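Presented below is the structure to which this report refers.
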Amino acid sequence: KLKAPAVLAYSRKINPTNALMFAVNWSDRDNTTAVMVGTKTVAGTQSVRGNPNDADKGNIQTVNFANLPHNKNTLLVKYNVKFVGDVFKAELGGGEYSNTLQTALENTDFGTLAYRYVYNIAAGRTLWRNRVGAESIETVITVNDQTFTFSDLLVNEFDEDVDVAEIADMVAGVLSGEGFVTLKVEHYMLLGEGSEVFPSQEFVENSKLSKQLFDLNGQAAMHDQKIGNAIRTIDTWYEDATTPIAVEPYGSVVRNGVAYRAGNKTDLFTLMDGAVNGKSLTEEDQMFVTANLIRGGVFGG
Amino acid sequence: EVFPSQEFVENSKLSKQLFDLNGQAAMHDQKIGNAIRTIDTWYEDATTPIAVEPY
Amino acid sequence: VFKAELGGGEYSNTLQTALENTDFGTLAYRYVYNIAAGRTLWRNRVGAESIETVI
Amino acid sequence: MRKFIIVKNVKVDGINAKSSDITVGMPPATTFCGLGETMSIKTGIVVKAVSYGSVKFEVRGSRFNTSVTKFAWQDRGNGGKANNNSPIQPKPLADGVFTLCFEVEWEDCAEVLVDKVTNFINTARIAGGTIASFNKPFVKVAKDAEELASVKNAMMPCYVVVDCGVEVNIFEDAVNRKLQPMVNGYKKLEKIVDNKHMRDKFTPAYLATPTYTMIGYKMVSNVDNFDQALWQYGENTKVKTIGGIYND
RNA sequence: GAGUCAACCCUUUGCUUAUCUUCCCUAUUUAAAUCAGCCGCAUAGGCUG
């Protein structure tokens with residue numbers, strides 16, 4: 001009775017595009033140029049722990065690089081993102097079980113989710129290592145033929161902002177059952193003159209190179225998956241460990257190999273079954289269980 | 001004459017290639033890095049020091 | 001300085017707490033001297049009459 | 001034939017190139033058939049002829065072992081091991097720019113159809129892809145067969161896909177003639193008895209395997225007669241060409 | 001549905017000896033390139049800082 005379904009699916013509500021990278025001047029923003037990739041060679045020793053003997057051998061390697069031209073000082077990262085509604089409508093599996101979760105939900109505040117998503121977009125968390133060493137970071141966003149210029153900073157010390165509230169409310173209304181909205185992100189940055197640039201890598205079986213860079217017809221670009229992971233890092237719903245992480249069931253990032261949200265009564269599937277059998281829970285956890293539901297995917301097993 | 005950096009490519013026509021950005025002699029941005037951080041004057045002997053690296 | 005890019009919550013923090021008791025002035029001085037002395041300019045300097053650095 | 005709608009320079013991102021366990025690259029025409037019937041059921045118009053073209057197509061990676069995507073833990077069987085090196089599940093992706101040209105018959109208006117088709121396209125998927133940017137679709141008019149060449153003078157340039165036929169079986173013929181395979185349809189083998197985990201409880205459940213046909217990518221001007229590029233549903237869940245066997 | 005951090009590729013070098021490219025040729029015909037300016041939805045004298 002009320003057996004947990006082993007097959008359930010939901011659509012990708014947030015669709016990011018392929019981020020594209022350009023070099024443009026600070027004061028000559030009319031004329032821009034693409035950034036190539038090229039290939040170069042390196043020759044470094046071996047720095048391997050616990051191997052004193054192999055310190056006297058060389059090593060020749062070949063890698064791809066990317067950086068601003070000899071005379072440019074502005075990096076331009078531009079892409080498009082799409083928010084769609086149709087939430088709580090299963091696309092593969094479930095016709096009489098999603099509604100049983102619906103009658104428990106709709107008590108959550110989508111405005112907070114929209115505020116956090118737009119704040120993540122505006123602050124610049126979509127750029128991982130490009131922000132190290134830049135004094136000025138600004139963006140311009142054009143949605144529904146109206147434009148907004150943001151110079152937001154200070155990803156830390158979260159504070160209420162009323163200048164970004166209107167777009168957050170718009171998209172929050174969009175999520176609770178509407179069509180689609182498209183946002184153009186046009187991040188401008190002034191990292192420096194000739195400094196290195198960091199586009200997304202991809203790994204291949206051992207080949208002639210050892211560090212390949214993502215290329216779109218002779219131009220560096222960023223993967224969609226990384227941007228999507230940037231969009232969905234809002235999880236501030238546990239008592240410690242500030243600088244929140246991305247949202248997913250059994251939420252734990254392998255990059256640094258941390259194990260958060262383990263089998264210590266804070267998971268995804270552990271919640272609704274105890275909610276329907278017993279009393280409800282705090283407003284904090286409905287937030288989380290709808291956050292990871294908005295991201296599309298297949299759940300079950 | 002000058003001396004820019006050199007490449008080690010597979011068996012091609014050339015025998016001693018040179019680094020260039022759009023056809024312009026240049027040096028890699030790690031030879032300069034190796035030149036900046038050669039301050040390791042902190043072992044038992046051998047003045048005219050070496051760079052800083054484990055082992 | 002003193003924060004690892006990947007991993008490290010207790011080892012790196014303890015290592016930091018042990019550190020920042022030394023002098024950064026010596027390291028900065030040696031780095032800037034290596035920049036100014038022209039040692040960053042590799043063996044083009046052989047057979048040089050007179051050189052200058054503008055920083 | 002009366003009305004044709006054309007959309008060009010459609011940028012699609014993150015296409016799932018693993019069409020089958022052996023075919024990687026251009027998506028099969030069966031997805032085009034599925035999208036066409038979905039458009040037919042949604043908008044309410046019967047569509048007979050389907051046409052498409054290729055402009056740009058780049059596969060993420062190199063000559064071999066193109067691209068691998070890191071999959072994380074998304075199953076309720078974790079908690080202890082879910083802290084390092086989630087399973088890999090290799091699945092390459094790609095990127096592309098395509099174009100479409102469809103036939104539609106409707107006499108109530110002329111622009112409402114454009115509105116609804118644009119609205120549907122704005123919220124669609126292309127073999128796991130995502131529409132990035134597309135041009136404004138435009139309308140063309142045709143009457144009968146002799147003036148049909150006009151349309152080939154209306155939407156250049158692109159490539160065309162034409163049937164050439166197979167002799168006995170393709171296992172060696174594909175290598176010998178150095179053309180490319182493509183899945184023209186599916187052949188049913190047995191019936192799936194179980195009806196538990198299906199998305200519906202009334203649709204019959206059958207098991208099928210792909211069938212391979214020969215197509216070729218050529219220039220439009222090198223095509224003598226256009227009817228070789230039309231696709232019509234055939235007997236036994238097959239798709240055929242109007243003109244039949246290619247001849248000079 | 002996150003491939004993520006780090007790096008000195010260096011030294012030396014004789015390319016050189018000779019060479020006939022050559023005969024023939026009808027580019028034909030037609031052509032049009034035309035001082036925003038006050039009250040006036042007007043190609044009838046113009047009193048305008």
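By order in the structure tokens, chains are A, B, ...; within a chain, residues start at 1; ligands start at 1, following the order shown.
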
Please produce, as JSON lines, a per-residue contact table for chain C versus chain B (criterion: any atom at most 6 Å away, only C-alpha atoms considered), showing the nearest atom pair and its distance in Å to one decimal, sorted by chain then residue number.
{"residue": "C:31", "atom": "CA", "partner": "B:36", "partner_atom": "CA", "distance": 6.0}
{"residue": "C:34", "atom": "CA", "partner": "B:36", "partner_atom": "CA", "distance": 5.7}
{"residue": "C:40", "atom": "CA", "partner": "B:35", "partner_atom": "CA", "distance": 4.9}

Preceding selection exported with C-alpha atoms as an mmCIF file, in the first residue's frame:
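Listed below is the output, result_22.cif:
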data_model
loop_
_atom_site.group_PDB
_atom_site.id
_atom_site.type_symbol
_atom_site.label_atom_id
_atom_site.label_comp_id
_atom_site.auth_asym_id
_atom_site.auth_seq_id
_atom_site.Cartn_x
_atom_site.Cartn_y
_atom_site.Cartn_z
ATOM 1 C CA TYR C 31 60.918 38.349 -5.876
ATOM 2 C CA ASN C 34 64.643 38.885 -9.417
ATOM 3 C CA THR C 40 63.754 36.778 -15.733
#

Q: Pull out every residue of chain C sitting within 10 Å of chain E, counting only C-alpha atoms (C1' of nucleotides), and send them as a ChimeraX atom specification.
A: /C:4-6,42

Q: Starting from chain A, keep only residues with some atom at most 6 Å from an atom of chain E, counting only C-alpha atoms (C1' of nucleotides), and report them as number ranges by chain.
A: A: 43-44, 226

(Q) Give me the residues near range 54-62 of chain D as an MDAnalysis selection string, where near means some atom within 10 Å (using only C-alpha atoms (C1' of nucleotides)) and where sequence neighbours in that chain fewer than 4 positions away do not count. (A) (chainID A and resid 202:205 207 212:217) or (chainID D and resid 8:12 14:15 17 24:26 66:68 92:100 157:161 217)

Q.
Using only C-alpha atoms and a distance of at most 10 Å, pull out the residues of chain A that contact chain C, as a PyMOL selection string.
A. chain A and resi 254-258

Atoms kept (N, CA, C and O atoms) for selection, written as a compact mmCIF listing (two decimals), in the first residue's frame:
# COMPACT_ATOMS: atom_id res chain seq x y z
N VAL A 254 31.55 15.66 -4.72
CA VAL A 254 32.74 14.82 -4.77
C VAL A 254 34.01 15.63 -5.02
O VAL A 254 35.11 15.12 -4.77
N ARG A 255 33.88 16.87 -5.49
CA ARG A 255 35.05 17.64 -5.92
C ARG A 255 36.08 17.74 -4.80
O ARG A 255 37.27 17.48 -5.01
N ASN A 256 35.63 18.11 -3.61
CA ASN A 256 36.45 18.05 -2.41
C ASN A 256 36.19 16.81 -1.56
O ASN A 256 36.80 16.65 -0.50
N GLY A 257 35.30 15.92 -2.01
CA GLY A 257 35.07 14.67 -1.32
C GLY A 257 34.46 14.80 0.06
O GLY A 257 34.89 14.12 1.00
N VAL A 258 33.47 15.67 0.22
CA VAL A 258 32.75 15.81 1.47
C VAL A 258 31.47 14.99 1.40
O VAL A 258 30.93 14.73 0.32
